[PDB]
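Consider the single chain below, provided in structure tokens and representing the form deposited in one PDB entry.
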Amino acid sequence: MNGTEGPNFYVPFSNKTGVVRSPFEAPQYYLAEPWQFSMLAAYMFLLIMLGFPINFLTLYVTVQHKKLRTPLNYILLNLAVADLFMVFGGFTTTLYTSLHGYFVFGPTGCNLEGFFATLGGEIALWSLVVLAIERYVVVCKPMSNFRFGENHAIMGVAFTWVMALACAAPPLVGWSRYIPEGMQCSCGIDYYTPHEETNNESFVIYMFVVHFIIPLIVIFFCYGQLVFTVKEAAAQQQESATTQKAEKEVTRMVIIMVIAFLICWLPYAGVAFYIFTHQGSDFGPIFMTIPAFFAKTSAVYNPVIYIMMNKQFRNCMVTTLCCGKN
């Protein structure tokens, strides 16, 4: 039957040979070779060594460069903090547990690690949505006589916190649950076992619709409007070479952002949708890690796209890293 059930876990390995152990008690070297756990640790190490400096530096240059402290940049800082929740809530813990071959922190740690890693990922996600909305409002100007200020920026950040809690908190109180996933060294939402006692099915649907489809629709609408607005402005002002450059660059960035978003969440959405549609099927531990791979690595390529490729942040970072040199 391809799996072994337990009170707070599901090991994706059959116990017909009697070798399966609780992922909170003993190494899982029967569902993956030791060297594969080492490569899990290696990748977590890579994500920490890249993810922490780039995201911490985002916060650090904002402290040193006052021009960065603008309301429109608040949500970018929110992103940086969210990624750091992924780095220390998830990546460092998984580095430690993978080197043991199982989740040594037990069920309590599983909820802790699961909550903060999910919280971090969801704040980042809704930050990308809020950013699109703010950019849409500012550039396309759907409202007359409106000026985006500090108060609007604070609401936007608070909104991401609330939406993220709307996803991360329910598994702590009975709607779905946190259990070890894949190689059983990191914990996450149970979107793949039919656990009616916590009503997993309805939560996965809620996730898919509210925390994937809706963000996708909003980001597409907002950045679609933005591209149209800039395309239209350039068309009505072809004598301006700069406006033509702007249109090219904005279109390029919008494509990069849209593609990066899909790369991050489509695997999870795809796998969840498949398991939902095809319930009663075998899913390997390495297979479950694939959507996690794409989603977690966003802690590195999102700040590259949203901070490093941002001219204001990039210049300030270069100045800071090169000791005052422009």
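Take the two forms, superpose them, and find the largest set of C-alpha atoms that agree within 1.5 Å; that set is the rigid core. Sequential numbering from 1, following the sequence displayed.
Between 143-151 and 181-189, it is 143-151 that carries the larger average Cα temperature factor according to the deposited entry. Higher mean CA temperature factor between 120-128 and 232-240: 232-240, per the PDB entry. Between the residues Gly156, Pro194, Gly101, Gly109, it is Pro194 that shows the highest Cα B-factor in the PDB record.
Of the candidates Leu76, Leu84, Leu95, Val173, the PDB record gives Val173 the highest C-alpha temperature factor.
Looking at the C-alpha B-factors along this chain, the one for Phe52 belongs to the middle third. For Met253, the recorded CA temperature factor ranks within the middle third of the chain's modelled residues. Sort the modelled residues of the chain by CA B factor and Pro291 lands in the highest third. In the PDB entry, a CA B factor belonging to the lowest third of its chain's modelled residues is recorded for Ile133. The PDB entry assigns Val300 a C-alpha temperature factor belonging to the lowest third of its chain's modelled residues.
Keep in mind that the form deposited in another entry is missing from the display, and what follows is about it.
In the core-aligned comparison between the shown form and the other one, the C-alpha of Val250 is the only one from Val157, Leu77, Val250, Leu99 that shifts by 2 Å or more. Once both forms are fitted on their core, the CA shift for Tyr30 between the shown form and the other one remains under 2 Å. After superposition on the rigid core, displacement of the C-alpha of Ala41 between the shown form and the other one stays below 2 Å. Shown in the overlay between the shown form and the other one, fitted on the rigid core, is a CA shift at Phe56 smaller than 2 Å. Annotation for the pair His278/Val11: C-alpha atoms approach each other in the other entry, by 3 Å or more compared with this form. In summary, the C-alpha positions of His278 and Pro23 converge in the other entry, ending up at least 3 angstroms nearer each other than in this conformation.
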